[PDB]
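One chain is shown next in structure tokens, namely the form deposited in one PDB entry.
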């Protein structure tokens, strides 16, 4: 449907982030998990004021799935979600007041030889680190005040469409990563489980990985959400 170019500062930001974490690519998952935590924190706080805030989906979880066969990684939360306008502005521009400070602090850091990965985490701009391991990033989101929408980008542009599938999330957001060939190891359950456990121990919400256990030629395989924190 509707196509957009990234704001120039976001193009600059993306490159800064990519270069900062280029040799620590796994950090992308830490940031997606941190963002999902923030979104969950937000709807939890809204529920203090809105008696019907959780009506679209009564759960408060992060859920992560590998799809080796389709080369996809999904990170789904039932947090606050994003309206169409929010997908466009939050992901495509320097929206928040603090974000603009990131760019300056990031540059002053890289000159003074200070660590920068803490800056990415502190300012919550880690979403773009997804492009370290993904050729395409897809964001499906449902907010109580809007219909379900899909944002998609290969980092050279982005587009937003209303989801033709309707409201499948209930409430929350899915980050779908179309993984680079070099990043296929993030499709392995053992790798993902190890990373999710490392980055979710400090999160105040339950995080699940869609895992499998095979028995016993005759084989029996059991699929279900394995709690990681």
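Numbering follows the first chain given and starts at 1. Only residues modelled in both forms are compared. What we label the rigid core is the largest C-alpha set whose atoms superpose within 1.5 Å from one form to the other.
- In none of the other PDB entries of this protein that model the residues around it does residue 77 lack coordinates, well short of a third.
- When the other compared entries with both flanking residues are checked, residue 102 is unmodelled in at least a third.
- The entry shows a gap from residue 216 to residue 217, with 10 or more unmodelled residues of the deposited sequence in between.
- Here the stretch with the larger average CA B-factor, out of 42-50 and 184-192, is 184-192.
- Higher mean CA temperature factor, per the PDB entry, when comparing 199-207 with 158-166: 199-207.
- Across the options 95, 132, 82, 139, the residue with the most elevated CA B-factor in the record is 95.
- Highest CA B-factor among the listed residues (86, 112, 152, 118): 112.
- Sort the chain's modelled residues by C-alpha temperature factor and residue 220 lands in the highest third, per the entry.
- Among the modelled residues of the chain, residue 78 sits in the lowest third by CA temperature factor in this PDB entry.
- In this PDB entry, the Cα temperature factor of residue 5 sits in the middle third of its chain's modelled residues.
- In the deposited entry, the Cα temperature factor of residue 102 sits in the top third of values across the chain's modelled residues.
- Among the modelled residues of its chain, residue 26 has a C-alpha B-factor that falls in the middle third according to the deposited record.
Just so you know, the form deposited in another entry exists too; it's not on screen, but the next bit is about it.
- Annotation: the position in 83, 90, 76, 71 displaced by at least 2 Å at CA between the shown form and the other one, with the core superposed, corresponds to 90.
- Fitting the two forms on the rigid core leaves the C-alpha of residue 139 displaced by under 2 angstroms between the shown form and the other one.
- Once both forms are overlaid on the rigid core, the distance between the two CA positions of residue 130 between the shown form and the other one is under 2 angstroms.
- When two forms of a protein are overlaid on their rigid core, residues whose CA moves 2 Å or more are considered shifted, and residue 21 is one of them between the shown form and the other one.
- CA of residue 27 to CA of residue 15: closer by 3 Å or more in that other deposited form than in the shown form.
- A decrease of at least 3 Å in the separation of the C-alpha atoms of residue 7 and residue 178 is found in that other deposited form, compared with the displayed form.
- By the rule of 2 Å per CA over three or more consecutive residues, the rigid core superposition between the shown form and the other one yields shifted runs at 2-23, 90-100, 114-125.
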